[PDB]
Structures are given as C-alpha cells and as structure tokens.
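Only one chain is given next, in structure tokens, and it is the form deposited in one PDB entry.
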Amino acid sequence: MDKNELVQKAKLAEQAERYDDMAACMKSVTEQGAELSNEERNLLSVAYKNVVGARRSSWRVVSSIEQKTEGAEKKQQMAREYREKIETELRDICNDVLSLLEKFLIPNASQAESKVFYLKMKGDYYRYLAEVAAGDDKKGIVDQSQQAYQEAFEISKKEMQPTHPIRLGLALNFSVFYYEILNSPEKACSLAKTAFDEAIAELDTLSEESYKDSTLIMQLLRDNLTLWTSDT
C-alpha cells in the first residue's frame, strides 16, 4: 500500500510490541525500492533486532540446557532438536534481512552515514549466522561478517567524526566480532580502546542530537574492555 500508511502501522506495531508485524511492515516499505529515510531505517532496524533477538535469546537458553544435560540422554536429545528448530528460524530471519540489504539498502545508500549503517548491519546479521553456524560455533559466513564490518570501518574512519554514534556503534560491534567470533581478545580490546580513547579526546564534538547515543556507546565500549580484561 502507500508508504506513509505502512510506516504508521509499523509504529503502531512497535507500540503494541508486535515485532513481527512491525518487521513485515518495514520489509514492505523497503521492497518499494526507494532509499529509506532515517526514520524508516531506524524502524526497520528495531523491528528486525527484536525478531532475531527473541531467537538468539531462546537459542542461548536451550543451548545452555543442552550443555547441562550432558549424561541425561532423553533430556539432552530433546534440547538438541529444539535448538535445531530454533536455529532454522534464526537463519531464516537473518537471510531475510541480508537479502533486503543486498537488493535494496546497500545499493541505494548514497550518503556515507547510511552506507556505514547498512554495512554494519550486514556484519551484524552475518555475525548472528556465525553464532550458530554449522561446525557448532563458526564457519565461512565469518568472512562475510568480517568484510562487511571492515568496509564499514574504513568508510566511517574517513567520513565521520570519532564521537558519531554510527561510527562508535560499528567499532563496538566489530570488536565484539573479534572477541566472540574470532576468539581474539587482544585485537577486540585494541579496537574498542582506540574508539573509546579517540571519542573521549573529542568530547567537544558531541552534538545535542547525538549526545545521548554517543555517550551510551562510549560506556558500552568501556564496559566491554572491563569485561574482557577481567583479571587484575
């Protein structure tokens, strides 16, 4: 239908916490083929993060149970099969968004901000596929994640100020990629630490619009360093 309608209904879906309705609405908007506005790209992002987020969370709960029922045959096999069912939904959700990104979002970006946003998103959804990828931990979807993040990383570093929330957010997520998917804590800490130290040197550049987002992400970077440096 019309795009101001679909968006209206996405926002209503969002208020009702009906994230599949919100997702379907924004998928339809993006399939119309026009560059999303900022508001539209933020709604699309929230909707899918919530849909995939429910599956990632269920998957972690069921994986933990599977681990803890080692030696308890009937329980562990049921946990196994349930985890596999959840994985298939998660992979379908990710493939959905990665197809949206490849067909519409990336090809129409046109501003560096938006290009960095969507490559980050492609790295993120491949990172979610990597979390469950066949080999029970990682697999060749790891390179797609890394390469989308690297290209985002180079653009953001050339086109954006260090306190920009999209640049800070990508550094945060790319460092989580190094730490969790590539099992490389030193590189993860170095990337997070550089992003934090470079933004903090330019507190000046914080804007009235982005103050809150930037500041939150800067704290997330510092908390990851605290977590990943746990020793003393």
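Just so we're on the same page, rigid core means the largest C-alpha set that superposes within 1.5 Å between forms. Residue indices: 1-based, along the sequence shown. Only residues modelled in both forms are compared.
Another form exists, deposited in another entry; not displayed. Remarks below refer to it.
Looking at CA displacements between the shown form and the other one with the core superposed, a shift of 2 Å or more is confined, among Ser28, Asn50, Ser207, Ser190, to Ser207. After superposing the rigid core, the C-alpha of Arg91 moves by less than 2 Å between the shown form and the other one. Comparing the forms between the shown form and the other one, the C-alpha position of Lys139 differs by 2 angstroms or more, with the core used for superposition. Relative to the shown form, the CA atoms of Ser210 and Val116 are pushed 3 Å or more farther apart in the other entry. Compared with the form shown, the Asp137-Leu100 C-alpha separation decreases in the other entry, the change being 3 Å or greater. After superposition on the rigid core, stretches of three or more consecutive residues whose Cα atoms move by at least 2 Å between the shown form and the other one are found at 135 to 139, 204 to 210.
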